[PDB]
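Contents: one structure, followed by commentary.
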Number of protein chains: 2
Amino acid sequence: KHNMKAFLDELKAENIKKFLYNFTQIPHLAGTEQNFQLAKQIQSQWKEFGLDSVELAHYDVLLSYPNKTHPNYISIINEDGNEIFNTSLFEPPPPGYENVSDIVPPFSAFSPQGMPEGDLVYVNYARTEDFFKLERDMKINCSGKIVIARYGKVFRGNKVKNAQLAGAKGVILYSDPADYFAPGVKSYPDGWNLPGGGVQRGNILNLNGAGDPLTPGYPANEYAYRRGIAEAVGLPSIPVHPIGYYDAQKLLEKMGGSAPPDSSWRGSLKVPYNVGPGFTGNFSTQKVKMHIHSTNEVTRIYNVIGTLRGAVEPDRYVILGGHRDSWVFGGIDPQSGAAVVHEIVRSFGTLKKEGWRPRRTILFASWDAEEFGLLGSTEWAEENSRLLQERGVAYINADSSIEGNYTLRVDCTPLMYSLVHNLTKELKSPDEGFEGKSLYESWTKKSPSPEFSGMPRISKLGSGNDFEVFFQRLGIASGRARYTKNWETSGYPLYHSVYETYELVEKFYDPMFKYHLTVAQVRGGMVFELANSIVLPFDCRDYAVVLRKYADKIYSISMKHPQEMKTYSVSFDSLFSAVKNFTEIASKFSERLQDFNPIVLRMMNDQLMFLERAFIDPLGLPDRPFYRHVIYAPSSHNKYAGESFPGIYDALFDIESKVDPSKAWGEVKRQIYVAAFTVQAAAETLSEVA
Amino acid sequence: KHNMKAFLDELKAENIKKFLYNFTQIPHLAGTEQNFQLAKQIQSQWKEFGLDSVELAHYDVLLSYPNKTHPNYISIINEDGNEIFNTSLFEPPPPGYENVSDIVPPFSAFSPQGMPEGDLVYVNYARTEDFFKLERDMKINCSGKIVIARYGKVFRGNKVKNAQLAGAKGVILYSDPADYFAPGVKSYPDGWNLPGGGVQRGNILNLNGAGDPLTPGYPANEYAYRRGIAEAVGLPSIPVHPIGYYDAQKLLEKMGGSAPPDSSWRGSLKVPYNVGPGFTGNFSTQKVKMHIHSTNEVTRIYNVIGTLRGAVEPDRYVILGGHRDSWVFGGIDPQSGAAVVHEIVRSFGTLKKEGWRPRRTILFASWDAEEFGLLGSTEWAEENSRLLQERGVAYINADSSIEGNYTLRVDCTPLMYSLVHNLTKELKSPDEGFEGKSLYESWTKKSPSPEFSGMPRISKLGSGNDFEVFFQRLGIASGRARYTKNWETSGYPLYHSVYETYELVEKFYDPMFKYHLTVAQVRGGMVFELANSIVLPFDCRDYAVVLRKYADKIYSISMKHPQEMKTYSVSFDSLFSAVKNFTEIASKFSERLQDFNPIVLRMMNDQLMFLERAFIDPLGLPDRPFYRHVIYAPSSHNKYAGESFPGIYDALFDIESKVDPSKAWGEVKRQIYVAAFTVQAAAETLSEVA
Ligand SMILES: *[C@@H]1O[C@H](CO)[C@@H](O[C@@H]2O[C@H](CO)[C@@H](O[C@@H]3O[C@H](CO)[C@@H](O)[C@H](O[C@H]4O[C@H](CO)[C@@H](O)[C@H](O)[C@@H]4O)[C@@H]3O)[C@H](O)[C@H]2NC(C)=O)[C@H](O)[C@H]1NC(C)=O
Ligand SMILES: *[C@@H]1O[C@H](CO)[C@@H](O[C@@H]2O[C@H](CO)[C@@H](O[C@@H]3O[C@H](CO)[C@@H](O)[C@H](O[C@H]4O[C@H](CO)[C@@H](O)[C@H](O)[C@@H]4O)[C@@H]3O)[C@H](O)[C@H]2NC(C)=O)[C@H](O)[C@H]1NC(C)=O
Ligand SMILES: *[C@@H]1O[C@H](CO)[C@@H](O[C@@H]2O[C@H](CO)[C@@H](O[C@@H]3O[C@H](CO)[C@@H](O)[C@H](O)[C@@H]3O)[C@H](O)[C@H]2NC(C)=O)[C@H](O)[C@H]1NC(C)=O
Ligand SMILES: *[C@@H]1O[C@H](CO)[C@@H](O[C@@H]2O[C@H](CO)[C@@H](O[C@@H]3O[C@H](CO)[C@@H](O)[C@H](O)[C@@H]3O)[C@H](O)[C@H]2NC(C)=O)[C@H](O)[C@H]1NC(C)=O
Ligand SMILES: *[C@@H]1O[C@H](CO)[C@@H](O[C@@H]2O[C@H](CO)[C@@H](O)[C@H](O)[C@H]2NC(C)=O)[C@H](O)[C@H]1NC(C)=O
Ligand SMILES: *[C@@H]1O[C@H](CO)[C@@H](O[C@@H]2O[C@H](CO)[C@@H](O)[C@H](O)[C@H]2NC(C)=O)[C@H](O)[C@H]1NC(C)=O
Ligand SMILES: *[C@@H]1O[C@H](CO)[C@@H](O[C@@H]2O[C@H](CO)[C@@H](O)[C@H](O)[C@H]2NC(C)=O)[C@H](O)[C@H]1NC(C)=O
Ligand SMILES: *[C@@H]1O[C@H](CO)[C@@H](O[C@@H]2O[C@H](CO)[C@@H](O)[C@H](O)[C@H]2NC(C)=O)[C@H](O)[C@H]1NC(C)=O
Ligand SMILES: *[C@@H]1O[C@H](CO)[C@@H](O[C@@H]2O[C@H](CO)[C@@H](O)[C@H](O)[C@H]2NC(C)=O)[C@H](O)[C@H]1NC(C)=O
Ligand SMILES: *[C@@H]1O[C@H](CO)[C@@H](O[C@@H]2O[C@H](CO)[C@@H](O)[C@H](O)[C@H]2NC(C)=O)[C@H](O)[C@H]1NC(C)=O
Ligand SMILES: *[C@@H]1O[C@H](CO)[C@@H](O)[C@H](O)[C@H]1NC(C)=O
Ligand SMILES: *[C@@H]1O[C@H](CO)[C@@H](O)[C@H](O)[C@H]1NC(C)=O
Ligand SMILES: *[C@@H]1O[C@H](CO)[C@@H](O)[C@H](O)[C@H]1NC(C)=O
Ligand SMILES: *[C@@H]1O[C@H](CO)[C@@H](O)[C@H](O)[C@H]1NC(C)=O
Ligand SMILES: [Ca+2]
Ligand SMILES: [Ca+2]
Ligand SMILES: [Cl-]
Ligand SMILES: [Cl-]
Ligand SMILES: [Zn+2]
Ligand SMILES: [Zn+2]
Ligand SMILES: [Zn+2]
Ligand SMILES: [Zn+2]
């Protein structure tokens, strides 16, 4: 039989290892020749593997690179203007790669140019609440200061936005060993920790879903009309640069001014973590000077798009996509994901050569420029939005397959909860001590859900990866899965560093490639069921359940302000009523789906498919037109985290500080109305159609 | 057989006459008890007629009414402040209706309150070009003046917007016999002309598709959050009032200042048509004073929604809709349309009782508050937007069935051109002298297309009726048809007057009700074919042909500025390329549709259905978010007229007067890009799906 078991059994750990090795010998930075070459290789191999068509889709997008002849760095400068300390020009390359060229030095992609000079202020993680604490409680003014913040907790774009709004004239990001050095583990190459010369690359945009900064709404094709730089979406207005903790120590050790307000502000270096501003008495005429010379440049990018045409519903698309561009070697990010996609394509192609086709069409994507703002996935989705709108069943992401070796992590729409539970009960656990047990059992045991005994945790989708356009813009059911760490005890230490290599993975994360194989089975299995099950494998009742949980949550937030709720007649009745209705209607739809003819089948599959779609508001969320999903948006404070009923949540956030409470509570009521309406309207898509 | 011929033959002129009589004995003003009663009657009758379900859908929307105890009127006032001339308080009621109550006196719905006093300026039709002529050429400043404009040429909302932007402090609208008195015809009741005491009612909003001014985007349901009045959509900021030509003469006869610039500014009254400002020497200390006391009030409205469930594709909706609210009796507008819908429902119900069902679902709508801004249709569509988006095959409007007795008028999407041609060849002409000939033949002979010999004229859809939300917001294929006048020789004279009665229609327009019957056959036939044909009856190649015509047209407009096109590198190449591609892809799709299994059939019907949909841009047109169709929008200068490639057209309009030509030509290029992309993207929806 050509069934899921055939598909699953053909996947091999040894192939994934070979592919990873193949993809990680040289850097594959977006817009560079080497990443174009790798695109061509993947296209040719996907064809050999048996896909029906494999094309490159290219776009010309805004990218950012350092200037090779004018390096970025930071100084401490004395009152004579002599540069007495300079940060590093590059990360010490790892063993045996000391002669690889084209390693991009650490930089913050899309930083403007500048050489600002000033006194430091230390802002902890540069979160919204860190700035609140500084300005409201400690009375420290960031205006015209250079801020230094530790990476961690939130997306670095949010940090930079927050620093900017606080008046900073530049930002220095660093990795504190408190967040990037696990106790008892050695620094690379002898372990998986970050060495003191290691540095995390990454873009600092605030795109809010826009894609290419120059072409929001429309693909960056050959005739596209581009905004001028000054009207581009999401660019920072102050210079930014990242450093390692050897260099951070030299910048922090002289800091004076106020003490840290408490221990949640102190990392692990041997410095006081004084907030500043400026240095202690002896050094108080010294200053910090940034030198940033990076340029933004419109550059061509290449997605690979493979199609395996469906036998019965070729106009229904199940998408497996993940990116191929890396900051340097991409040992984990993204090639541990891309290698898993490559083996999935290989396996599907094996069945296809023996005469099998999936029921529905499967699209396979190798995205470019993910690292620079999800640009490849977003431009292609803008291009194909109509097709995706009307035909898109589901999107399964496939970035990094591992960020730990402890258990499974799944983040997805509630519509896939039942699919994930069922599939994982059929897969073998790769974990030591659960030999002969199911992946469900090990996962549930290591990562129990907070709500329900005997079920595992599944998180809401956040952002900061290539499902964003599909889920939060277009409303296509989406999911992701990877192996992760124990989150009792920020992401893996070597993230976006030169040290993220093949050897890292092979020696320290997954020497047997069994975690990779488990993740290939989960991602591939999901795709298989989505593309082959007669009835789409979504359970609308799972949405009803979380909608009630989120409504309770948002209500409880508002209920912190009982007096204002009375004064302004702020009621959540409508939202609860809509949730109640969605619950009843969903339950009736499920009975019909169980008890119901290909037209009847197509009608009900269309109702399943369009259910995620129904949570889209074509007017978008306030000032974020590309975040259109009413239930889920990336947190306005942290693009990695998802927020539920984001419209209401943001209308409530910090509301006690607004100067016109009537206006602010008005807007809470407006968002309640929009949310209740959208829920009711989604529910009604599951009613009998006539 | 239950086929189209059975459906068509069951329609009777005599039933339509009876229904019209029934619907026109008392006024049915939106939001009044009598229009609610009539809603209930229609619901009960549609049930008796056999529909599967018939519901009322209500909304609470902003309406406008005069104050019964504080009448609106205009004066000429002398320097002592005595009111020496007053306009009428009401239209002299027609014979035998002199005791009907609840006739709303003439007023401009949604006028703010005020009593401005000032000098008159006469602004002809108050078109954009009339204001250009006054300000740029004649050097006449409207600021702080009361303007008087004749109705005609453009939607009265546009006139008021234009007066406002010119600085007017109030507007007086009147009906000039030049535009509302046909030569050799008697005034009502002895003919169909407008008497001098007759007055055209009508709203003066500029909603741009928003619906209820208080709830743009969302239905005005029981929990809706409403904007405050000051943030409402589309309300005028200066008082406005309409008058008849006896009263206009008294206001125009004393006018001095400049002569009319030419004869296109002179109507037919015995006055000079001086532009002003102000009155001639003797009367130069006299002034004009408005007294407007109307109130805007949130008021409940009621749509009737009837469903005839489809036997095979119940999740596909063919909609026949038209409004039921009238300004007074609604003899023509809308009851000549509503009576035709009522008989269509009756006929479909006859077949249904004998065991027939259409293939697809047919929805029947009696809309409320059309007269106040398309409010009923728009609120229901906002409510049901998701269902309509994914399931809406087509919308057939059904307002006034007649505005003349000369030939057929059809305005529709190009996707319905072939359907209309074919259907009309099968219908009998009702016209004198074409006995035994087809309606196609009489129509083509009386109204030849300007492009093609042997085909009839079919116009683009404009707006100012209830298809607006369906077509320009949601992208559902739409059409309308009615009997019309000879347009060699503005709309019918008695439009929106108390004199628009049953007797008007029966005595002067259609004594045999044969034109009504012909229009019922055309509208009903269209619905029948849309709802019953196995393959949707749309020809995508007809779109290809008009797209080329529109691209040529817009190019020719730009080519009036050859130097700027060179300087700014303004190319239409991309748009022509996209049109070319759409032509090729459409032609290949048609061959497959001819040469191709219910899934394959559903796939291709979905491609047909989603083709109109593909011209929607979810970002909307600039500053008009509810006009989302890229090919067609209502003219920014005249809501009744359609404009093609509206985004480009508006970017080019009056471009030689813009102060930053670089910026203005930039925006022309941006719109070219958006249009080319959208055309290409629509074309690609007709490519093989995988
Ligand atoms: C969840 O689904 C339920 C359906 O089971 C749905 O219930 C509906 O609630 C609306 C809103 O409350 C009801 O609206 C009423 O309709 C009647 C006519 O049928 C009107 O007369 C009512 O208006 C009067 O009373 C109001 C309330 O005090 C006054 O404000 C008003 O001025 C009038 O006096 C009122 O509009 C509706 O009938 C039911 N529908 C059904 C099918 O029962 C509920 O709304 C759904 N939740 C959401 C969020 O959609
Ligand atoms: C109508 O459909 C046709 C398909 O039959 C489609 O033609 C396409 O046109 C695009 C845009 O011109 C072509 O784009 C090129 O693609 C190649 C790779 O295949 C690139 O190398 C080209 O870029 C180079 O040259 C440019 C032009 O001078 C430079 O600006 C650039 O810097 C590079 O040097 C270029 O991007 C494309 O290949 C064809 N596609 C096909 C399938 O032939 C046309 O675009 C459609 N019209 C619209 C409006 O969509
Ligand atoms: C995940 O797996 C579960 C457990 O198998 C699936 O739920 C089961 O689905 C089956 C097939 O529809 C249900 O069977 C039906 O039983 C009813 C009456 O009990 C009968 O009317 C039908 O004809 C049919 O035999 C079964 O009840 C149901 N079990 C439970 C506990 O819900 C679930 O569907 C799977 N989810 C996905 C997304 O595949
Ligand atoms: C309006 O009526 C016209 C004229 O009847 C319809 O066009 C005709 O459609 C038929 C049915 O598809 C076409 O028949 C086909 O002929 C081809 C080869 O010539 C053959 O491959 C098919 O199997 C089939 O027999 C016919 O060619 C075509 N005639 C013309 C002149 O186009 C048209 O479809 C109608 N439009 C609508 C919207 O219904
Ligand atoms: C990654 O794998 C590919 C394919 O197995 C290698 O690329 C091939 O190289 C061979 C030998 O040089 C050529 O003859 C082929 O034309 C290439 N094939 C394709 C499809 O590109 C590639 O060299 C490997 N890269 C590394 C670093 O191991
Ligand atoms: C990268 O930095 C270099 C080196 O300092 C820049 O090149 C100089 O540009 C100036 C002014 O345009 C010239 O007069 C110098 O001769 C250039 N120096 C050299 C060494 O060629 C260069 O412009 C920067 N590159 C980018 C892309 O911005
Ligand atoms: C930090 O780097 C700067 C720039 O390379 C060094 O300062 C330069 O030193 C050279 C040689 O002494 C001078 O001719 C340049 O004029 C200096 N440039 C600037 C901008 O100051 C500095 O020595 C380095 N500092 C340390 C401690 O190594
Ligand atoms: C319009 O037609 C309807 C229906 O034929 C008339 O309303 C009916 O009136 C009869 C007699 O008074 C009642 O017993 C029915 O209950 C009514 N039916 C419905 C469905 O409402 C109505 O009177 C007619 N109106 C006029 C002005 O002729
Ligand atoms: C319609 O106009 C009337 C009549 O001039 C308004 O009624 C007056 O309102 C004032 C102030 O509110 C009272 O002191 C008067 O006694 C009222 N006059 C009468 C005759 O009752 C009335 O407010 C207006 N109606 C609306 C809806 O605006
Ligand atoms: C036009 O109407 C106004 C208002 O009804 C008339 O002026 C009023 O006349 C009465 C009785 O003479 C006075 O007590 C009111 O004070 C007047 N009101 C105002 C606002 O002026 C006027 O006579 C009418 N003019 C004509 C020519 O009929
Ligand atoms: C922060 O400092 C700047 C300039 O020195 C000033 O304009 C701004 O008001 C300051 N805000 C404070 C102290 O709250
Ligand atoms: C792999 O698992 C072991 C066993 O728990 C753990 O000690 C080690 O830290 C893990 N490796 C990585 C990179 O997490
Ligand atoms: C029109 O008149 C007003 C006020 O009397 C003035 O402010 C405005 O500039 C005028 N414009 C002209 C004469 O162009
Ligand atoms: C009806 O048609 C006749 C014949 O052409 C024409 O003279 C008359 O004006 C028409 N009636 C109306 C209301 O148009
Ligand atoms: Ca773009
Ligand atoms: Ca609304
Ligand atoms: Cl992922
Ligand atoms: Cl109409
Ligand atoms: Zn990644
Ligand atoms: Zn990354
Ligand atoms: Zn009407
Ligand atoms: Zn009307």
Side-chain angles (χ1 to χ4, degrees), chain A residues 574 577-578 581 585 677 680-681 683-684 687-690, chain B residues 19 22-23 26-63 211-212 214-215 218-224 297-309 317-326 330 334-335 337-339 341-346 348-349 352 361-388 392 395 397-399 466 469-470:
Chain A
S574 64
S577 169
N581 293 348
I585 288 164
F677 165 67
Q680 184 68 28
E684 290 176 350
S687 299
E688 300 194 272
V689 303
Chain B
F19 299 152
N22 183 267
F23 291 172
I26 66 180
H28 296 105
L29 189 64
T32 62
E33 175 68 17
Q34 301 103 296
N35 199 33
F36 172 59
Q37 291 304 324
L38 182 57
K40 294 228 295 302
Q41 172 190 330
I42 293 304
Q43 175 185 27
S44 164
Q45 290 180 301
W46 284 13
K47 287 168 162 177
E48 304 174 50
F49 288 167
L51 299 194
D52 298 298
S53 72
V54 188
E55 291 307 314
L56 300 185
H58 68 266
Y59 305 89
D60 298 312
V61 301
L62 197 73
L63 299 189
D212 167 42
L214 303 187
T215 58
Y218 308 94
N221 60 28
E222 277 277 357
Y223 55 91
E297 328 199 308
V298 172
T299 306
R300 180 158 294 190
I301 60 160
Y302 302 87
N303 301 324
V304 189
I305 311 287
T307 295
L308 175 53
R309 186 177 43 257
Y317 306 148
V318 180
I319 309 174
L320 178 62
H323 75 106
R324 179 187 75 252
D325 67 303
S326 60
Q335 307 309 346
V341 180
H342 216 55
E343 184 57 359
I344 291 163
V345 174
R346 194 196 60 77
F348 274 120
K352 184 200 145 183
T361 291
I362 304 169
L363 302 182
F364 299 96
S366 175
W367 305 123
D368 203 348
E370 185 277 357
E371 297 291 10
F372 287 83
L374 322 174
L375 308 180
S377 58
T378 306
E379 298 304 307
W380 184 80
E382 288 183 325
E383 183 157 68
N384 294 292
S385 61
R386 302 148 181 73
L387 313 184
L388 293 169
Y395 176 88
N397 210 47
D399 201 354
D466 285 312
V469 63
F470 298 95

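Throughout, protein chains are lettered first and strands after them, A, B, ... in sequence-line order, and every chain is numbered starting at 1. Heavy-atom basis, side chains included; hydrogens, waters and symmetry copies ignored.
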What pairs with B:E371 under salt bridge (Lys or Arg N to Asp or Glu O under 4.0 Å), at least two apart in sequence or on another chain? none
Side chain B:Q335, main chain B:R324, donor-acceptor under 3.5 Å: yes
Partners of B:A220 by side-chain contact (heavy atoms from CB on, under 4.5 Å), sequence neighbours excluded? B:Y59, B:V61, B:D212, B:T215, B:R226, B:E379
Considering residues at least two apart in sequence or located in another chain, which fulfil the side-chain hydrogen bond (donor to acceptor under 3.5 Å, both in side chains) criterion with A:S577? none
Holding to ring pair (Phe, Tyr, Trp, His ring centres under 6.0 Å), I want the full list of residues that pass it with B:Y317, two or more places apart in sequence or in another chain. none
Sort out for me which residue in B:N303, B:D399, B:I301 forms a side-chain contact (heavy atoms from CB on, under 4.5 Å) with B:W367. B:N303
I need the B:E48 CD to B:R346 CZ distance, nearest 0.5 Å. 12.5 Å
Value for NE2 (B:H28) from CG (B:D368), rounded to nearest 0.5 Å, stands at 11.0 Å
Who pairs with B:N22 by side-chain contact (heavy atoms from CB on, under 4.5 Å), at least two apart in sequence or on another chain? B:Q41
Verify, without hydrogens or angle tests, whether B:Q43 (side chain) and B:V304 (backbone) share a donor-acceptor contact under 3.5 angstrom. no
For B:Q37, all residues meeting side-chain contact (heavy atoms from CB on, under 4.5 Å), sequence neighbours excluded: B:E33, B:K40
Taking all non-hydrogen atoms of both residues, which atom of B:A369 and which atom of B:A30 are closest, and how far apart? CA-CB, 3.7 Å
Please list, chain by chain and in numerical order, all residues satisfying side-chain contact (heavy atoms from CB on, under 4.5 Å) with A:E684, sequence neighbours excluded. A:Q680, A:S687, B:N384
So how far is it from B:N35 CG to B:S366 OG, rounded to the nearest 0.5 Å? 7.5 Å
Using the test side-chain hydrogen bond (donor to acceptor under 3.5 Å, both in side chains), find all partners of B:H342 that sit at least two apart in sequence or belong to another chain. B:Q45, B:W46
Listed partners of B:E382 passing salt bridge (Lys or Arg N to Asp or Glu O under 4.0 Å), at least two apart: B:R473
Check: B:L320 and B:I344 side chains under 4.5 Å, non-hydrogen atoms: yes
Would you please name every residue forming a salt bridge (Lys or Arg N to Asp or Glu O under 4.0 Å) with B:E222, sequence neighbours left out? B:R300
With the side chain counted from C-beta on, respond yes when B:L56 and B:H58 share a heavy-atom pair under 4.5 Å apart, and no when they do not. no
Output for pair (B:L214 CG, B:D60 CG), nearest 0.5 Å, gives 10.5 Å
Give me the ring orientation class for B:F470 and B:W380: parallel if the planes are under 30° apart, tilted from 30 to 60°, perpendicular past 60°. tilted
Distance check, rounded to the nearest 0.5 Å: B:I319 atom CD1 versus B:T307 atom OG1? 10.0 Å
Can you tell if the side chain of B:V469 reaches within under 4.5 Å of the side chain of B:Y395, non-hydrogen atoms only? no
Within the structure provided, determine whether A:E688 and B:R309 are in side-chain contact (heavy-atom separation under 4.5 Å). no
Quick one: list whatever passes salt bridge (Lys or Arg N to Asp or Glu O under 4.0 Å) with B:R386, sequence neighbours left out. none
In Å and rounded to the nearest 0.5 Å, what is the CG to NE2 distance from B:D466 to B:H323? 6.0 Å
Are B:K352 and B:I362 packed together at the side-chain level, in the sense that at least one heavy-atom pair is separated by less than 4.5 angstrom? no
Do the non-hydrogen side-chain atoms of B:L375 and B:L63 ever get within less than 4.5 Å of each other? yes
Report yes if some heavy atom in the side chain of B:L29 is under 4.5 Å from a heavy atom in the side chain of B:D325; otherwise report no. no
Qualifying residues under ring pair (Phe, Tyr, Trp, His ring centres under 6.0 Å), relative to B:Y302, sequence neighbours excluded: B:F36
